[PDB]
């Protein structure tokens, strides 16, 4: 059974929730303007809400930057630990001279928030950083055009860019590793010329930069040539080493792929991607028992693309039967009486009645806050509460967070079938694929709005909507209605597929990145579908294709069509 236990946190009247939200944007503005009196006034009588936690976190980032440490400590003491932002934790630890977090943070080679960047610089100046990892971060920052942060870290390590020692040599290597320099036709030749005066670590990193650029440009032979010159693979950034594995994968070099994976950080080796591809490599080289153990580990990672593919290699098909009962209706009712859940529902319902998209986003924040500590039984109860109230994205949000107790009807909701199925049939596209795309694009939020203006259930861009509308006799503003949005998106899936050799993997990539890019990523030989997907150069599109296709496999199982293994759905991507 599922437990009927629900939280009973103090509830506030709807009027109080709305009054606090009325002041929420101004409180965030008061943080930006450094009006500490106004922020304190907003928080003084605030409920224990995501609104208060969000304002407090943003305030603490500003107080740390301004070194107002007495006010910082007072307010940090009011945050729950699970609610403290990463940069706030870094400022707090720095204020106590506690550099425990540095050992892990320094392994990041990209931009970090200011508080965490400064924590690492302080640890460096006190000799509290692993030197190998610290210089790897300097190099990573140089390659990512974060020159100021790289310069400040090298200075804190005692070897500044103008000191004639290690720092100055690392900085000079920009003639090879710079953003534009790495693209030069002469980059590899220039690195080969200066190599003799570079350390083992500098040489390994620099060939990783050149190999990474070629691999992401899908020049696989050149990528493997350059990456083959990396003598110490642990010097590579995470992105560099993954792009080495991707090149070996695309070339079907199973031995080299297995070797590269073995040099990755443990966190990367244990990802679904590299558990699955290492298993495929062991299978390809005749190591059946090693492959099976790795497939089992990949399948244990849950409801994702590679876990499903791994299960299929083990003879396991997707099974969408729930392994738990429905939540009891009294528990679903009483869950809505919990003060934090109620606050989220108040903001959600008022966002609908008042047409306030910003309020809806804060309602999502209240939901995540309210459900943050929940066990699996409470998550599944809350998922049904959210679904009943029409808060569809939060129903998925809670249901997908479980590990052992699985409710697939709440993980893979299918509202709007009286519209989606018909539109999909009308252009002859698989409705399970359409649902999988909607789930990834919008999580079923009808008025979803991306940072770049993608709109609606299917996240069509306005420029694309105008093109579509001109082809199929619609008005561009129908993008902003649910039925017109589904019509536009399903038609665009079918048109993009038609333009990409009628291939569904290409079509999924082309929907997100444009058909010109999907076609650029093809090879001159056919590619296994999962190999095309994993070697997509754009990180957002790469993740997108795998999630859409995994989603589609789950929907197909719930919809009862004849079974299509995910490996078959991925199929073979044609040669250009």
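Numbering follows the first chain given and starts at 1.
Look at the mean CA B-factor for 529 to 537 and for 65 to 73 in the entry; the higher one is 65 to 73. Taking only CA atoms, the mean B-factor in the PDB entry is higher for 473 to 481 than for the other of 473 to 481 and 388 to 396. Within the listed group 415, 272, 453, 489, the record reports its top CA B-factor for 453. Taking the deposited Cα B-factors for 495, 290, 338, 93, the highest one is held by 290. When the modelled residues of the chain are ordered by C-alpha B-factor, residue 116 sits in the lowest third. Sort the modelled residues of the chain by CA B factor and residue 515 lands in the middle third. Residue-level temperature factors show residue 320 in the middle third of its chain, judged at the C-alpha atom.
Remark: residue 375 belongs to the lowest third of its chain, ranked by C-alpha B-factor as recorded.
Residue 504: CA B factor in the lowest third of modelled residues in this chain (values from the PDB entry).
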